[PDB]
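Novice: Handing you a structure now.
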Amino acid sequence: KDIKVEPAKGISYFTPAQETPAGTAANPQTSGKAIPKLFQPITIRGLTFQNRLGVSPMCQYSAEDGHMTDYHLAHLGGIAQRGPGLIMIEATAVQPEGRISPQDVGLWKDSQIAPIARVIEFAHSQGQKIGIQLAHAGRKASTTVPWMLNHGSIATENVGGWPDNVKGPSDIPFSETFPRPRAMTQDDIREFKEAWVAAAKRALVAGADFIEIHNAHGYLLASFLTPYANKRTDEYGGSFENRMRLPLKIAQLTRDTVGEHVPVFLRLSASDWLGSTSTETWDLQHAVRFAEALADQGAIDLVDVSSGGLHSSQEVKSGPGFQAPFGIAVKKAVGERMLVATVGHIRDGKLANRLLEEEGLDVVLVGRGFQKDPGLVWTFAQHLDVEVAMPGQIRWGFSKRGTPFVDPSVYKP
Amino acid sequence: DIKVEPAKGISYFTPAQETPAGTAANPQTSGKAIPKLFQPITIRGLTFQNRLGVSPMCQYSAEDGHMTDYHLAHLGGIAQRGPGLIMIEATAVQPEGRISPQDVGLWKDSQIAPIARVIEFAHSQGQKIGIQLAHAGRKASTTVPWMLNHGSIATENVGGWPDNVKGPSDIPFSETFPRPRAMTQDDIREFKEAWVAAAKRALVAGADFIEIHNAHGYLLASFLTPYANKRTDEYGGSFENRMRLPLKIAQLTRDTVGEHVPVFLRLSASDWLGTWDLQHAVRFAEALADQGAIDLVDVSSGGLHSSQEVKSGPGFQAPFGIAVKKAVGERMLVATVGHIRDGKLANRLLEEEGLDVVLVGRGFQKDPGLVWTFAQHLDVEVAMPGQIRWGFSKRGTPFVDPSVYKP
Ligand SMILES: Cc1cc2nc3c(=O)[nH]c(=O)nc-3n(C[C@H](O)[C@H](O)[C@H](O)COP(=O)(O)O)c2cc1C
Ligand SMILES: Cc1cc2nc3c(=O)[nH]c(=O)nc-3n(C[C@H](O)[C@H](O)[C@H](O)COP(=O)(O)O)c2cc1C
């Protein structure tokens, strides 16, 4: 009668509200069929996710001095528009020299909050949840952007690199094309920990709903863990007991600065894909042990189980759900003390729901699949015959009345 | 020791895209010949990298004709995936010509920077984006399509103008639709004047082309449709009497735009009332190939009259354009739109039926990677932005192996 087009609430600008957020499955379900676990909500701390299909964090090598531009709104905003359970922002440097590339996002200054907040604000206008993977590239810092012919090389001070400011647990390079790391002094660690706390606060200011700690891909914290990159003879190296000291502090510190209401995640690498060797390697057993130590600690809410990037001589056997067995191995070890999410060439909805139902995991992350298909939530929903919400701008053409839910039978691939 | 170059001509930094997305490989690795779909088209001096384009789609997400951060996230991602051309939704030349109070507008000058920020991004990517200027005529002051009061009038309460609705006559669309006032000749004058001004600010926004909305029962269409255009004036009566305002706006648009700016015209080819029909359409279409002001005709259908009975279907309105192409030949280019959900149907529509451009609407809403998807349908290698293709590589080619990440 006089139904009005209501504005999304809390946003510096107008856009139509979405009353059911996109990616929310129909709870009654016209089919009468039950909603599969992939499209079942998850409440972690004071935060609920309409589904369990997340966008894994993905560096776009498109910021300037760590500042997001319009680009990232067009990038992330189109994906947030189509209803992913959660969006993770790319590795965001805590210190300038912890950037991977010179084009990385960073959050070591307050000028980098607004660029990110503008995107987090678009996600929020659509009713989505969005967060930030805090990172430090350790001995893999000051490299080249990876679509460049110079890819896999050192970023010189002429490209904006810092070849003489790469820091890590010890002074051993990752590769021969990679830079020479400088053993981090206690002054270094101290400031890194201060810088992590500083960056997390700016993230909450930007409007992140959760924080993920990047302790993976041989970047740092991960390098502290792997014995062959950390030959320190102090309390931060030596035993496995010691090599975890710093990761466990950052976990504690992140939880401290966000409080009790903000989910905290941790990404780790489960194996270094190093073939039979008699020396100490980062194998699944090590990962599960670290994961166990984290559940003892109580800080983290979820472990994000990736692999690789740890050692230059890896031999990763990529394939569909190839690193799903790692995350299973971790959930059997921690059970319901922590949640785990998996990632890695998860390409259809069946595999996704199965890794959550049969194999008993909590959250499925996709990366490349969203880059090629920003509507994967709709695609996966179609794989499992699930009716899911899509925003009004997008659904009304794929209709027949006034439900916020799309029939999985329409525009079937 | 290479450098990552910024894009050119843009406010902000963004990695530059040497080979635009949607650009096939001139020497296709497979040796297979580039299908027409992925063959470039040049209108005036403008060159499109493929014949797959984003059809104009309204988003009912604007405030005072102003675009927001939404349209950047909406068209942005779609554009990043290399659509040959991207058309901005119907931009109203007059406030009362808006379909809804949430339509994008170009009747003032504060409505340019909004529309230009998105064009700027498209340009940063190497893509060609244009704008469809329009007037809703008797179908204006209506509600958004996803709202329960869909197919109804927007009162001043919602921000509508149920009284300032101006069309070719007081003939309303339906009991649900608003009551329109027949426009005075001074009204038509003001309208034509508004169009020129709107096109002018569009060129200031960065438009690479302009499409005329002469379809869907809006003013220009309402004038060509006898059941709504009976003014007894030089505009009312003879088919020629009704074709004037349309043909005038065509020339006027060609006049305001230069000779290097392509100008398209979208028309409805039937009212599905079987009365405007493929015949009336082919006639008006030839009148356009005569005037020589329009470079491309966007053949569509529907919206002309309530009580219409559209028969939707894969390529349901392709025949309409094949007929227009028949009576126009190389005199004008023709574009088809309508449930084209795969590349094979699209390419065929181009090669086996001679048509020039394939336009997709909803396919892009569901899949802003449609071009990538149509590419795999025809085993075509296309460029994708360096930010997207690097992970899908086994390494320096801007093109993606259509075999990687296939359904
Ligand atoms: C382009 C690109 C950027 C990425 N950026 C990050 C990142 O910033 N932080 C991180 O932990 N992983 C990053 N990843 C790793 C992926 O997020 C994730 O582990 C996933 O495996 C990548 O591909 P997938 O869809 O097959 O799972 C990135 C991957 C790609 C392809
Ligand atoms: C959400 C939406 C918005 C649209 N906006 C416009 C428009 O602004 N101008 C126009 O001429 N047609 C518009 N259309 C019609 C389409 O652009 C076009 O006629 C056709 O539907 C696209 O073909 P396809 O959707 O079957 O791929 C719109 C259609 C939809 C679903």
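In the structure tokens, the first chain shown is A, the next is B, and so on; residue numbers restart at 1 for each chain, and ligands run from 1 in the order shown.
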Write out as a VMD selection string every residue belonging to chain A that has an atom at most 8 Å from any atom of chain B, counting only C-alpha atoms.
Specialist: chain A and resid 1 to 5 13 to 16 60 to 64 69 to 71 73 to 78 81 122 145 to 150 155 to 156 159 368 371 to 375 378 392 to 398 402 411
Novice: Extract, using only C-alpha atoms, all DNA, RNA and protein residues at most 12 Å from residue 95 of chain A, discarding same-chain residues fewer than 5 positions from it, and format them as a ChimeraX atom specification.
Specialist: /A:65-66,100,102,104-109,134-138,141,165-167,188-189,191-200
Novice: One decimal, in Å: what's the spacing between atom CA of residue 238 of chain A and atom CA of residue 169 of chain A?
Specialist: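 Atom CA of residue 238 of chain A sits 11.5 Å away from atom CA of residue 169 of chain A.
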Novice: May I ask you to write as a PyMOL selection string all residues lying at most 8 Å from ligand 1, with only C-alpha atoms and all ligand atoms counted?
Specialist: (chain A and resi 55-60+89-92+133+135+214+216-217+267+306-307+343-347+365-370) or (chain B and resi 387-392)
Novice: Can you pull out the residues contacting residue 332 of chain B? Cut-off 7 Å, using only C-alpha atoms, and skip same-chain residues under 4 positions away; I want them as a PyMOL selection string.
Specialist: chain B and resi 289+295-296+328
Novice: Go through B:276, B:218, B:177, B:399 one by one, measure the shortest atom-to-atom distance of each to ligand 2 using only C-alpha atoms and all ligand atoms, and give the residue with the smallest value.
Specialist: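 Once distances to ligand 2 are computed over only C-alpha atoms and all ligand atoms, the minimum belongs to B:218.
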Novice: Would you return as a VMD selection string the members of segment 202-234 of chain A that DSSP assigns to alpha helix (DSSP H) on this structure's backbone?
Specialist: chain A and resid 202 to 206 222 to 225
Novice: I'd like to know which of B:172, B:82, B:162, B:329 is closest to residue 282 of chain B, using only C-alpha atoms.
Specialist: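 Closest to residue 282 of chain B, using only C-alpha atoms: B:329.
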Novice: Write out as a VMD selection string each polymer residue whose atoms come within 9 Å of residue 408 of chain A, counting only C-alpha atoms; drop sequence neighbours fewer than 2 positions from it.
Specialist: chain A and resid 378 to 379 381 to 388 406 410 to 412
Novice: Residues near residue 272 of chain B, anyone? I mean within 9 Å using only C-alpha atoms, not counting same-chain ones fewer than 3 positions away, as a PyMOL selection string.
Specialist: chain B and resi 276-277+301-302+304-305+307-311
Novice: Can you write out the residues you just picked, keeping N, CA and C atoms, as an mmCIF file, in the first residue's frame?
Specialist:
data_model
loop_
_atom_site.group_PDB
_atom_site.id
_atom_site.type_symbol
_atom_site.label_atom_id
_atom_site.label_comp_id
_atom_site.auth_asym_id
_atom_site.auth_seq_id
_atom_site.Cartn_x
_atom_site.Cartn_y
_atom_site.Cartn_z
ATOM 1 N N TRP B 276 1.921 -2.277 -32.107
ATOM 2 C CA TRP B 276 3.362 -2.285 -32.477
ATOM 3 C C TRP B 276 3.814 -3.721 -32.729
ATOM 4 N N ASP B 277 4.452 -3.967 -33.873
ATOM 5 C CA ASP B 277 4.838 -5.354 -34.228
ATOM 6 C C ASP B 277 6.144 -5.342 -35.020
ATOM 7 N N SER B 301 11.873 -6.262 -26.642
ATOM 8 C CA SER B 301 10.401 -6.381 -26.801
ATOM 9 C C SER B 301 9.694 -6.217 -25.457
ATOM 10 N N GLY B 302 8.381 -5.981 -25.483
ATOM 11 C CA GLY B 302 7.600 -5.922 -24.233
ATOM 12 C C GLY B 302 7.537 -4.546 -23.607
ATOM 13 N N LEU B 304 5.361 -2.336 -23.907
ATOM 14 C CA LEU B 304 4.610 -1.327 -24.700
ATOM 15 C C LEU B 304 3.184 -1.184 -24.172
ATOM 16 N N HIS B 305 2.548 -2.296 -23.812
ATOM 17 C CA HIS B 305 1.130 -2.203 -23.388
ATOM 18 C C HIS B 305 0.798 -3.291 -22.373
ATOM 19 N N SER B 307 -1.626 -6.114 -20.610
ATOM 20 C CA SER B 307 -2.347 -7.154 -21.391
ATOM 21 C C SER B 307 -1.399 -7.749 -22.436
ATOM 22 N N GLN B 308 -0.091 -7.532 -22.277
ATOM 23 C CA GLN B 308 0.891 -8.163 -23.193
ATOM 24 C C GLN B 308 1.068 -9.617 -22.758
ATOM 25 N N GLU B 309 1.464 -10.490 -23.682
ATOM 26 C CA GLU B 309 1.600 -11.931 -23.350
ATOM 27 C C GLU B 309 2.960 -12.400 -23.866
ATOM 28 N N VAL B 310 4.034 -12.026 -23.171
ATOM 29 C CA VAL B 310 5.398 -12.373 -23.658
ATOM 30 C C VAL B 310 5.613 -13.880 -23.573
ATOM 31 N N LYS B 311 6.304 -14.449 -24.561
ATOM 32 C CA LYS B 311 6.643 -15.894 -24.516
ATOM 33 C C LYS B 311 8.147 -15.994 -24.266
#
Novice: My list of candidates is B:233, B:286, B:18, B:298. Which is closest to residue 264 of chain B when distances are computed with only C-alpha atoms?
Specialist: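 Checking each of B:233, B:286, B:18, B:298 against residue 264 of chain B, counting only C-alpha atoms, the winner is B:298.
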Novice: Give me, as a ChimeraX atom specification, the residues of segment 59-166 of chain A that a backbone DSSP run labels strand (DSSP E).
Specialist: /A:86-93,105-106,130-135
Novice: How about saving the chosen residues, N, CA and C atoms kept, as a PDB file, in the first residue's frame?
Specialist:
ATOM      1  N   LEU A  86      31.085 -15.588   5.326  1.00  0.00           N
ATOM      2  CA  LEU A  86      32.005 -14.612   5.898  1.00  0.00           C
ATOM      3  C   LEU A  86      33.034 -14.240   4.838  1.00  0.00           C
ATOM      4  N   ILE A  87      33.528 -13.013   4.909  1.00  0.00           N
ATOM      5  CA  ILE A  87      34.576 -12.558   3.968  1.00  0.00           C
ATOM      6  C   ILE A  87      35.814 -12.272   4.797  1.00  0.00           C
ATOM      7  N   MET A  88      36.956 -12.777   4.359  1.00  0.00           N
ATOM      8  CA  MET A  88      38.223 -12.450   5.038  1.00  0.00           C
ATOM      9  C   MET A  88      39.009 -11.521   4.115  1.00  0.00           C
ATOM     10  N   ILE A  89      39.481 -10.411   4.653  1.00  0.00           N
ATOM     11  CA  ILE A  89      40.310  -9.474   3.859  1.00  0.00           C
ATOM     12  C   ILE A  89      41.731 -10.016   3.785  1.00  0.00           C
ATOM     13  N   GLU A  90      42.422  -9.740   2.685  1.00  0.00           N
ATOM     14  CA  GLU A  90      43.773 -10.205   2.410  1.00  0.00           C
ATOM     15  C   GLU A  90      44.753  -9.833   3.522  1.00  0.00           C
ATOM     16  N   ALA A  91      45.882 -10.552   3.525  1.00  0.00           N
ATOM     17  CA  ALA A  91      46.931 -10.398   4.526  1.00  0.00           C
ATOM     18  C   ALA A  91      47.268  -8.917   4.718  1.00  0.00           C
ATOM     19  N   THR A  92      47.044  -8.384   5.898  1.00  0.00           N
ATOM     20  CA  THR A  92      47.186  -6.961   6.129  1.00  0.00           C
ATOM     21  C   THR A  92      48.374  -6.730   7.046  1.00  0.00           C
ATOM     22  N   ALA A  93      49.439  -6.133   6.508  1.00  0.00           N
ATOM     23  CA  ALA A  93      50.693  -5.987   7.250  1.00  0.00           C
ATOM     24  C   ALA A  93      50.537  -5.210   8.566  1.00  0.00           C
ATOM     25  N   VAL A 105      48.135  -4.575   1.442  1.00  0.00           N
ATOM     26  CA  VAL A 105      47.373  -3.798   2.405  1.00  0.00           C
ATOM     27  C   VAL A 105      48.179  -3.754   3.695  1.00  0.00           C
ATOM     28  N   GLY A 106      48.038  -2.662   4.433  1.00  0.00           N
ATOM     29  CA  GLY A 106      48.667  -2.588   5.731  1.00  0.00           C
ATOM     30  C   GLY A 106      47.749  -1.833   6.655  1.00  0.00           C
ATOM     31  N   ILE A 130      32.447  -9.441   7.813  1.00  0.00           N
ATOM     32  CA  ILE A 130      33.729  -9.257   7.140  1.00  0.00           C
ATOM     33  C   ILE A 130      34.850  -9.046   8.162  1.00  0.00           C
ATOM     34  N   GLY A 131      36.024  -9.643   7.876  1.00  0.00           N
ATOM     35  CA  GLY A 131      37.158  -9.575   8.779  1.00  0.00           C
ATOM     36  C   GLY A 131      38.494  -9.455   8.057  1.00  0.00           C
ATOM     37  N   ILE A 132      39.548  -9.413   8.867  1.00  0.00           N
ATOM     38  CA  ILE A 132      40.872  -9.007   8.420  1.00  0.00           C
ATOM     39  C   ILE A 132      41.902 -10.028   8.876  1.00  0.00           C
ATOM     40  N   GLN A 133      42.681 -10.554   7.937  1.00  0.00           N
ATOM     41  CA  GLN A 133      43.786 -11.447   8.283  1.00  0.00           C
ATOM     42  C   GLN A 133      45.015 -10.584   8.567  1.00  0.00           C
ATOM     43  N   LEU A 134      45.401 -10.476   9.835  1.00  0.00           N
ATOM     44  CA  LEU A 134      46.602  -9.735  10.192  1.00  0.00           C
ATOM     45  C   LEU A 134      47.840 -10.581   9.887  1.00  0.00           C
ATOM     46  N   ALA A 135      48.852  -9.970   9.266  1.00  0.00           N
ATOM     47  CA  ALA A 135      49.985 -10.745   8.758  1.00  0.00           C
ATOM     48  C   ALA A 135      51.332 -10.084   9.023  1.00  0.00           C
TER      49      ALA A 135
END
Novice: Contacts of residue 291 of chain B at 9 Å or less, counting only C-alpha atoms, minus same-chain residues fewer than 2 places along, as a list in words?
Specialist: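 Near neighbours after the sequence-gap exclusion: residues 247, 250, 251, 286, 287, 288, 289, 293 and 294 of chain B.
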Novice: Convert the current residue selection to file output with C-alpha atoms, as a short mmCIF file (atom, residue, chain, number, x, y, z; two decimals), in the first residue's frame.
Specialist:
data_model
loop_
_atom_site.label_atom_id
_atom_site.label_comp_id
_atom_site.auth_asym_id
_atom_site.auth_seq_id
_atom_site.Cartn_x
_atom_site.Cartn_y
_atom_site.Cartn_z
CA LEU B 247 13.95 10.24 -34.80
CA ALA B 250 18.26 10.27 -32.40
CA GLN B 251 19.63 13.17 -34.50
CA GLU B 286 14.72 1.38 -41.51
CA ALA B 287 13.77 5.02 -40.76
CA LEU B 288 16.86 4.92 -38.48
CA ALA B 289 19.14 3.29 -41.08
CA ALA B 293 22.23 8.95 -36.73
CA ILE B 294 22.20 5.61 -34.80
#
